[PDB]
$ cat coords-v1.tsv   # TSV, C-alpha atoms
chain	number	residue	atom	x	y	z
A	1	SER	CA	-23.32	0.15	-0.37
A	2	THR	CA	-20.27	0.28	1.89
A	3	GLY	CA	-17.55	-2.06	3.17
A	4	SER	CA	-15.27	-1.98	6.20
A	5	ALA	CA	-12.39	-4.35	6.88
A	6	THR	CA	-9.60	-4.49	9.43
A	7	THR	CA	-6.03	-4.44	8.16
A	8	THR	CA	-3.28	-5.98	10.30
A	9	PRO	CA	0.50	-5.66	10.20
A	10	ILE	CA	2.24	-8.87	9.05
A	11	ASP	CA	5.01	-8.50	11.60
A	12	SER	CA	6.38	-6.42	14.47
A	13	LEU	CA	7.91	-3.85	12.09
A	14	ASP	CA	4.75	-3.08	10.06
A	15	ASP	CA	6.55	-4.38	6.95
A	16	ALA	CA	3.18	-4.71	5.25
A	17	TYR	CA	-0.51	-5.00	6.10
A	18	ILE	CA	-2.95	-7.79	5.27
A	19	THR	CA	-6.71	-7.58	4.95
A	20	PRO	CA	-9.04	-10.58	4.70
A	21	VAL	CA	-10.87	-10.94	1.36
A	22	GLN	CA	-13.65	-13.40	0.48
A	23	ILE	CA	-13.34	-14.95	-2.97
A	24	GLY	CA	-15.74	-17.35	-4.59
A	25	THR	CA	-18.70	-19.45	-3.58
A	26	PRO	CA	-18.51	-20.80	-0.93
A	27	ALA	CA	-16.18	-18.07	0.26
A	28	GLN	CA	-12.46	-18.71	0.28
A	29	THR	CA	-10.86	-16.17	2.60
A	30	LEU	CA	-7.38	-14.98	1.64
A	31	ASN	CA	-5.29	-12.31	3.35
A	32	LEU	CA	-4.35	-9.76	0.70
A	33	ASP	CA	-1.96	-6.82	0.68
A	34	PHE	CA	-4.04	-3.78	-0.33
A	35	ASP	CA	-1.79	-1.81	-2.64
A	36	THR	CA	-2.69	1.72	-3.81
A	37	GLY	CA	0.43	1.56	-5.98
A	38	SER	CA	-0.75	-1.19	-8.33
A	39	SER	CA	-3.92	-2.33	-10.04
A	40	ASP	CA	-3.96	-6.13	-10.17
A	41	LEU	CA	-5.86	-8.40	-7.76
A	42	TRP	CA	-3.77	-11.56	-7.81
A	43	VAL	CA	-3.68	-14.59	-5.55
A	44	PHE	CA	-1.73	-17.70	-4.68
A	45	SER	CA	-3.82	-20.49	-6.12
A	46	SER	CA	-4.14	-24.18	-6.90
A	47	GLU	CA	-2.34	-23.29	-10.16
A	48	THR	CA	0.75	-21.85	-8.45
A	49	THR	CA	3.95	-23.88	-9.02
A	50	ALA	CA	4.06	-26.12	-5.95
A	51	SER	CA	7.69	-25.34	-5.08
A	52	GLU	CA	6.74	-21.65	-4.94
A	53	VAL	CA	4.04	-22.03	-2.29
A	54	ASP	CA	5.27	-22.00	1.34
A	55	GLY	CA	2.45	-21.56	3.84
A	56	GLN	CA	0.15	-19.22	1.92
A	57	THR	CA	-3.58	-19.84	1.68
A	58	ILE	CA	-4.50	-20.60	-1.93
A	59	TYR	CA	-7.57	-19.88	-4.05
A	60	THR	CA	-8.89	-22.98	-5.77
A	61	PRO	CA	-11.23	-21.86	-8.60
A	62	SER	CA	-12.48	-25.40	-9.27
A	63	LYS	CA	-14.08	-25.36	-5.78
A	64	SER	CA	-15.97	-22.12	-6.51
A	65	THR	CA	-19.34	-22.36	-8.24
A	66	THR	CA	-19.12	-18.74	-9.40
A	67	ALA	CA	-15.58	-18.95	-10.86
A	68	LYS	CA	-15.26	-18.69	-14.64
A	69	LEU	CA	-12.03	-18.84	-16.59
A	70	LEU	CA	-11.46	-15.62	-18.51
A	71	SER	CA	-10.52	-17.33	-21.74
A	72	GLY	CA	-7.19	-16.35	-23.21
A	73	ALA	CA	-6.31	-13.85	-20.53
A	74	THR	CA	-2.90	-13.72	-18.89
A	75	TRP	CA	-1.15	-11.30	-16.56
A	76	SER	CA	2.40	-10.51	-15.50
A	77	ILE	CA	3.57	-7.83	-13.09
A	78	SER	CA	6.81	-6.53	-11.62
A	79	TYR	CA	6.95	-4.34	-8.50
A	80	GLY	CA	9.26	-1.56	-7.37
A	81	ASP	CA	11.33	-3.92	-5.25
A	82	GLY	CA	11.89	-6.27	-8.17
A	83	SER	CA	9.43	-8.92	-7.05
A	84	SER	CA	7.06	-10.37	-9.64
A	85	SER	CA	4.23	-12.78	-10.39
A	86	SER	CA	2.23	-13.99	-13.39
A	87	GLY	CA	-0.53	-16.34	-14.42
A	88	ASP	CA	-4.04	-16.63	-15.86
A	89	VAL	CA	-7.37	-15.06	-14.94
A	90	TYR	CA	-10.75	-16.02	-13.55
A	91	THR	CA	-13.78	-13.91	-12.80
A	92	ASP	CA	-15.46	-14.55	-9.47
A	93	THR	CA	-17.34	-12.91	-6.63
A	94	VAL	CA	-15.10	-10.91	-4.31
A	95	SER	CA	-16.17	-9.32	-1.02
A	96	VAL	CA	-14.25	-6.97	1.26
A	97	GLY	CA	-15.67	-6.10	4.65
A	98	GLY	CA	-19.22	-6.79	3.51
A	99	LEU	CA	-18.92	-5.08	0.11
A	100	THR	CA	-19.45	-7.49	-2.77
A	101	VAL	CA	-18.36	-7.30	-6.42
A	102	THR	CA	-19.55	-9.91	-8.90
A	103	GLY	CA	-17.42	-10.65	-11.96
A	104	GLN	CA	-14.19	-9.34	-10.45
A	105	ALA	CA	-11.03	-10.37	-12.29
A	106	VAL	CA	-9.09	-12.63	-9.93
A	107	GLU	CA	-5.62	-13.17	-11.31
A	108	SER	CA	-4.42	-16.66	-10.47
A	109	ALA	CA	-0.65	-16.98	-10.04
A	110	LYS	CA	1.16	-19.74	-11.91
A	111	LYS	CA	4.52	-18.25	-10.92
A	112	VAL	CA	5.67	-15.99	-8.10
A	113	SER	CA	9.12	-14.61	-7.23
A	114	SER	CA	11.05	-15.89	-4.21
A	115	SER	CA	10.15	-12.79	-2.17
A	116	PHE	CA	6.48	-13.77	-2.30
A	117	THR	CA	7.13	-17.44	-1.60
A	118	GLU	CA	9.20	-16.48	1.43
A	119	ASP	CA	6.40	-14.37	2.93
A	120	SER	CA	3.90	-16.92	4.26
A	121	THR	CA	1.57	-14.17	5.57
A	122	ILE	CA	0.63	-12.58	2.21
A	123	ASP	CA	-1.75	-14.61	0.03
A	124	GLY	CA	-1.80	-12.04	-2.77
A	125	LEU	CA	-2.31	-8.37	-3.60
A	126	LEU	CA	-5.43	-6.27	-4.14
A	127	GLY	CA	-4.56	-3.29	-6.28
A	128	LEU	CA	-6.21	0.07	-5.66
A	129	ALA	CA	-4.36	2.33	-8.11
A	130	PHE	CA	-6.06	3.29	-11.38
A	131	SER	CA	-7.25	0.53	-13.72
A	132	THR	CA	-5.06	1.88	-16.54
A	133	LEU	CA	-2.13	0.07	-14.80
A	134	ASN	CA	-3.83	-3.33	-14.78
A	135	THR	CA	-1.63	-5.89	-16.52
A	136	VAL	CA	-4.24	-8.33	-17.88
A	137	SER	CA	-3.81	-9.05	-21.58
A	138	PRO	CA	-5.36	-8.88	-24.15
A	139	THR	CA	-8.31	-7.30	-22.30
A	140	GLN	CA	-7.32	-5.01	-19.43
A	141	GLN	CA	-9.38	-5.53	-16.28
A	142	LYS	CA	-10.79	-3.18	-13.64
A	143	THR	CA	-9.75	-2.97	-9.99
A	144	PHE	CA	-12.09	-3.97	-7.16
A	145	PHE	CA	-12.67	-0.28	-6.36
A	146	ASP	CA	-13.38	0.61	-9.98
A	147	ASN	CA	-15.96	-2.21	-10.15
A	148	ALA	CA	-17.57	-1.25	-6.82
A	149	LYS	CA	-17.57	2.50	-7.36
A	150	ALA	CA	-20.97	3.03	-8.90
A	151	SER	CA	-22.65	1.01	-6.14
A	152	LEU	CA	-20.90	2.81	-3.29
A	153	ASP	CA	-22.67	5.46	-1.21
A	154	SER	CA	-19.76	7.79	-2.07
A	155	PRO	CA	-17.03	6.94	-4.62
A	156	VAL	CA	-14.21	6.79	-2.06
A	157	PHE	CA	-12.12	4.47	0.01
A	158	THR	CA	-10.06	5.36	3.08
A	159	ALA	CA	-6.85	3.99	4.55
A	160	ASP	CA	-6.32	4.16	8.31
A	161	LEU	CA	-3.15	2.17	8.93
A	162	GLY	CA	-1.96	1.53	12.45
A	163	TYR	CA	1.47	1.91	13.98
A	164	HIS	CA	2.26	-1.54	15.41
A	165	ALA	CA	-1.53	-2.07	15.55
A	166	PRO	CA	-4.50	-2.98	13.37
A	167	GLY	CA	-6.25	-0.36	11.26
A	168	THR	CA	-9.07	-0.09	8.78
A	169	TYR	CA	-9.90	0.12	5.09
A	170	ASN	CA	-13.36	1.58	4.44
A	171	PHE	CA	-15.17	1.65	1.10
A	172	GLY	CA	-17.93	4.07	0.26
A	173	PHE	CA	-17.93	6.32	3.32
A	174	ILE	CA	-15.78	8.56	5.50
A	175	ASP	CA	-15.75	7.64	9.20
A	176	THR	CA	-15.79	11.07	10.83
A	177	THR	CA	-14.88	9.49	14.21
A	178	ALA	CA	-11.56	8.13	12.86
A	179	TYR	CA	-9.57	11.36	12.65
A	180	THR	CA	-9.03	14.63	14.49
A	181	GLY	CA	-9.53	18.11	13.07
A	182	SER	CA	-10.33	18.47	9.37
A	183	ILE	CA	-9.44	16.53	6.25
A	184	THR	CA	-7.30	18.57	3.84
A	185	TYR	CA	-7.85	17.65	0.23
A	186	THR	CA	-5.20	17.99	-2.44
A	187	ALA	CA	-5.07	17.50	-6.22
A	188	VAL	CA	-4.22	14.19	-7.89
A	189	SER	CA	-2.68	13.45	-11.25
A	190	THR	CA	-3.70	10.12	-12.76
A	191	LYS	CA	-1.29	10.50	-15.70
A	192	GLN	CA	0.99	7.67	-14.47
A	193	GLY	CA	-1.90	5.58	-13.09
A	194	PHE	CA	-1.06	6.35	-9.46
A	195	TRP	CA	-2.56	8.43	-6.67
A	196	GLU	CA	0.04	11.08	-7.43
A	197	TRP	CA	0.03	14.39	-5.55
A	198	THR	CA	2.33	17.21	-4.46
A	199	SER	CA	3.29	17.77	-0.85
A	200	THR	CA	3.94	21.36	0.11
A	201	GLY	CA	7.10	20.71	2.12
A	202	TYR	CA	8.62	19.22	5.25
A	203	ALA	CA	10.15	19.74	8.65
A	204	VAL	CA	12.57	17.67	10.70
A	205	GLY	CA	11.77	17.39	14.39
A	206	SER	CA	11.02	20.78	15.91
A	207	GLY	CA	12.76	22.52	13.01
A	208	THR	CA	11.33	25.18	10.75
A	209	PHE	CA	9.06	24.08	7.92
A	210	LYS	CA	10.65	24.14	4.45
A	211	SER	CA	8.17	25.10	1.76
A	212	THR	CA	8.99	23.06	-1.31
A	213	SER	CA	6.95	21.01	-3.78
A	214	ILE	CA	7.47	17.26	-3.52
A	215	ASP	CA	5.61	15.23	-6.12
A	216	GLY	CA	4.97	11.65	-5.09
A	217	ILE	CA	2.50	8.79	-4.80
A	218	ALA	CA	0.33	7.61	-1.94
A	219	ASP	CA	1.26	3.93	-1.90
A	220	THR	CA	-0.05	1.58	0.80
A	221	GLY	CA	1.92	-1.26	-0.76
A	222	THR	CA	5.30	0.33	-0.09
A	223	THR	CA	6.63	0.06	3.47
A	224	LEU	CA	8.88	3.10	3.73
A	225	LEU	CA	8.90	6.82	2.90
A	226	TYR	CA	11.03	7.55	-0.15
A	227	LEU	CA	11.90	11.20	-0.71
A	228	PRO	CA	14.51	13.28	-2.56
A	229	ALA	CA	18.09	12.90	-1.40
A	230	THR	CA	18.29	16.48	-0.14
A	231	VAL	CA	15.30	15.95	2.17
A	232	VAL	CA	16.51	12.57	3.41
A	233	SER	CA	20.01	13.93	4.09
A	234	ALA	CA	18.50	16.79	6.11
A	235	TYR	CA	16.53	14.28	8.21
A	236	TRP	CA	19.39	11.89	9.00
A	237	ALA	CA	21.83	14.72	9.72
A	238	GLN	CA	19.82	15.23	12.92
A	239	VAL	CA	20.57	11.70	14.14
A	240	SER	CA	24.04	11.24	15.63
A	241	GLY	CA	25.87	8.41	13.90
A	242	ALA	CA	23.39	7.99	11.04
A	243	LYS	CA	24.89	7.22	7.65
A	244	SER	CA	23.97	5.95	4.23
A	245	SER	CA	25.33	2.45	3.80
A	246	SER	CA	25.76	1.12	0.29
A	247	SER	CA	26.25	-2.39	1.66
A	248	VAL	CA	23.03	-2.34	3.65
A	249	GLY	CA	21.11	-0.45	0.96
A	250	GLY	CA	20.16	2.82	2.61
A	251	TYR	CA	20.39	4.94	5.71
A	252	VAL	CA	21.15	3.18	8.98
A	253	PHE	CA	21.40	4.65	12.46
A	254	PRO	CA	22.55	3.59	15.94
A	255	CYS	CA	19.79	1.61	17.60
A	256	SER	CA	20.51	3.67	20.75
A	257	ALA	CA	19.24	6.85	19.01
A	258	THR	CA	16.04	8.73	19.71
A	259	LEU	CA	14.66	9.58	16.28
A	260	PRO	CA	13.20	13.01	15.50
A	261	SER	CA	9.75	13.33	13.98
A	262	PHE	CA	9.24	14.19	10.33
A	263	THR	CA	6.46	16.50	9.18
A	264	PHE	CA	5.07	16.66	5.63
A	265	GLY	CA	2.80	19.33	4.18
A	266	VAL	CA	-0.59	18.76	2.64
A	267	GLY	CA	-1.68	22.16	1.40
A	268	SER	CA	-1.52	24.42	4.44
A	269	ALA	CA	-1.95	21.41	6.75
A	270	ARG	CA	0.80	19.33	8.38
A	271	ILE	CA	1.05	15.60	9.07
A	272	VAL	CA	3.53	14.63	11.79
A	273	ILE	CA	5.26	11.26	11.61
A	274	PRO	CA	6.58	10.40	15.09
A	275	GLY	CA	10.22	9.40	15.28
A	276	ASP	CA	9.36	5.87	16.43
A	277	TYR	CA	7.54	5.24	13.12
A	278	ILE	CA	10.89	5.71	11.35
A	279	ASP	CA	12.66	2.86	13.24
A	280	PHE	CA	12.76	-0.42	11.28
A	281	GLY	CA	14.97	-2.19	13.77
A	282	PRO	CA	18.27	-4.05	13.57
A	283	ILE	CA	19.67	-4.59	10.06
A	284	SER	CA	20.25	-8.21	11.08
A	285	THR	CA	19.37	-10.10	14.26
A	286	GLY	CA	21.44	-8.85	17.19
A	287	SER	CA	22.89	-5.84	15.36
A	288	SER	CA	23.09	-2.41	17.00
A	289	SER	CA	22.71	-0.79	13.60
A	290	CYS	CA	19.07	-0.05	12.77
A	291	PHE	CA	17.44	0.54	9.39
A	292	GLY	CA	15.78	3.86	8.74
A	293	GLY	CA	12.22	4.33	7.57
A	294	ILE	CA	12.95	7.41	5.50
A	295	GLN	CA	15.12	6.60	2.47
A	296	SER	CA	16.23	8.31	-0.74
A	297	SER	CA	14.06	8.02	-3.85
A	298	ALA	CA	17.06	8.76	-6.06
A	299	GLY	CA	17.17	6.03	-8.66
A	300	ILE	CA	13.56	4.94	-8.00
A	301	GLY	CA	12.42	7.72	-10.28
A	302	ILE	CA	9.45	8.67	-8.12
A	303	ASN	CA	8.90	9.83	-4.54
A	304	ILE	CA	6.76	7.37	-2.53
A	305	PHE	CA	4.60	8.22	0.46
A	306	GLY	CA	4.50	4.65	1.74
A	307	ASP	CA	3.21	3.18	4.98
A	308	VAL	CA	5.63	5.16	7.20
A	309	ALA	CA	3.90	8.36	6.05
A	310	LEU	CA	0.39	7.08	5.51
A	311	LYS	CA	0.05	5.40	8.91
A	312	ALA	CA	0.49	8.85	10.53
A	313	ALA	CA	-2.75	9.95	8.84
A	314	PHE	CA	-6.32	9.15	7.96
A	315	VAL	CA	-6.21	9.09	4.17
A	316	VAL	CA	-9.11	9.54	1.76
A	317	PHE	CA	-8.74	8.18	-1.74
A	318	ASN	CA	-11.48	10.12	-3.53
A	319	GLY	CA	-12.42	8.42	-6.81
A	320	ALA	CA	-14.82	11.07	-8.02
A	321	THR	CA	-14.71	12.04	-11.72
A	322	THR	CA	-11.81	14.31	-10.77
A	323	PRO	CA	-9.95	12.28	-8.14
A	324	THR	CA	-8.35	13.89	-5.08
A	325	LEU	CA	-6.55	12.81	-1.92
A	326	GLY	CA	-7.46	13.84	1.61
A	327	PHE	CA	-5.26	13.72	4.70
A	328	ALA	CA	-6.20	14.21	8.34
A	329	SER	CA	-4.31	13.80	11.57
A	330	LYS	CA	-5.62	11.12	13.95
$ encode --input "coords-v1.tsv" --output "structure tokens"
Amino acid sequence: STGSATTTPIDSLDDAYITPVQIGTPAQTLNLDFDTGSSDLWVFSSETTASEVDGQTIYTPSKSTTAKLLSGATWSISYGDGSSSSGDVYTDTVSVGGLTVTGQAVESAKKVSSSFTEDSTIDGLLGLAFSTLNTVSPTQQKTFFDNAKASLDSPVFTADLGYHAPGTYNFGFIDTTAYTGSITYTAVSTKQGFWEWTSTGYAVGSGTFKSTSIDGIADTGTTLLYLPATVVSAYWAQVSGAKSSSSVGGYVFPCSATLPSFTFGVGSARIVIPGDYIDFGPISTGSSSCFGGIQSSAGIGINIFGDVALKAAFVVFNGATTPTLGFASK
């Protein structure tokens, strides 16, 4: 089997991407944030505290003939940005882009943090990291990909995120028309439950490539590119007037700037992030100070190849017995 679904930015800045997902019978379609950095499929639901729902589409298990309460199971998760959610668990039929899993754990939110309430466009998350990170207790549950894997034509999914445009998540096949040149594959460590890999270095604009190992995660659920402070300083030093602002919470730059590209290494291959991808616009409405899309990972504790990086590439998440990551230009 295979699946193919379009993923769409939630706003003009590509702050996140949503992908329609069919849950239950009859289908209830919710727009979920596909997150390769976590492993819970959770949704706004009829059980969510009413004051914490503000425009989201909810899953109502009582209207689904295939929903079954997973007795005794609860979940609770916290994300890198400090947002959180928690609740109980149903199993139900879940389809993405024509690919169907029966008995998928669908984590129903009783509580969500303000950040989620305030984003009317995201109806939940669909985790695509390794199932070892799943938070369901007392019986840990498998991700959608883990459940689908054995049925897929090939045990892979691909992320093809757009810059200010829709893109695609494919399950079970590699669309050879969706990228240019070759896909370069690189080793993955699953020891922390993430798609963790080591980039071979970087360049700023037309500068010389610096060979250096940068360990980090491929995380579709993180907006920006978070890298070591040395790397980030070298990038922003090439932008006149750029500075790290403690009050704003990272590097800002004059909105009148033309940003240089940033290149990252995948083995001997190179992925080029155009400068425009690094512009996240005014820090507040009407400001001439703009927020940068490359930020320091110092104090996160891990480097994160988020959407800013991933949207510059066609990315293969290879879930073979020994998982790997593949990157191609496009």
$ closest_residue --input "coords-v1.tsv" --among "A:121, A:45, A:95, A:137" --to "residue 71 in chain A" --atoms "all atoms listed in the file"
A:137
$ residues_around --input "coords-v1.tsv" --residues "residue 87 in chain A" --least-positions-apart "5" --cutoff "9 Å" --atoms "all atoms listed in the file" --output "PyMOL selection string"
chain A and resi 42+47-48+73-76+107-112
$ residues_near_point --input "coords-v1.tsv" --point "(-15.4, -3.1, -10.8)" --cutoff "9 Å" --atoms "only C-alpha atoms" --output "ChimeraX atom specification"
/A:101-105,141-150
$ atom_distance --input "coords-v1.tsv" --atom1 "CA of residue 187 in chain A" --atom2 "CA of residue 226 in chain A"
19.9 Å
$ residues_around --input "coords-v1.tsv" --residues "range 180-185 of chain A" --least-positions-apart "5" --cutoff "7 Å" --atoms "only C-alpha atoms" --output "ChimeraX atom specification"
/A:266,269,324-330
$ atom_distance --input "coords-v1.tsv" --atom1 "CA of residue 207 in chain A" --atom2 "CA of residue 283 in chain A"
28.1 Å
$ residues_near_point --input "coords-v1.tsv" --point "(20.0, 1.1, 14.9)" --cutoff "6 Å" --atoms "only C-alpha atoms" --output "ChimeraX atom specification"
/A:253-255,282,288-290
$ residues_around --input "coords-v1.tsv" --residues "residue 230 in chain A" --least-positions-apart "2" --cutoff "12 Å" --atoms "only C-alpha atoms" --output "PyMOL selection string"
chain A and resi 202+210+212+214+226-228+232-237+294-298
$ closest_residue --input "coords-v1.tsv" --among "A:28, A:263, A:220, A:1" --to "residue 204 in chain A" --atoms "only C-alpha atoms"
A:263
$ residues_around --input "coords-v1.tsv" --residues "residue 278 in chain A" --least-positions-apart "6" --cutoff "9 Å" --atoms "all atoms listed in the file" --output "count of residues only"
11
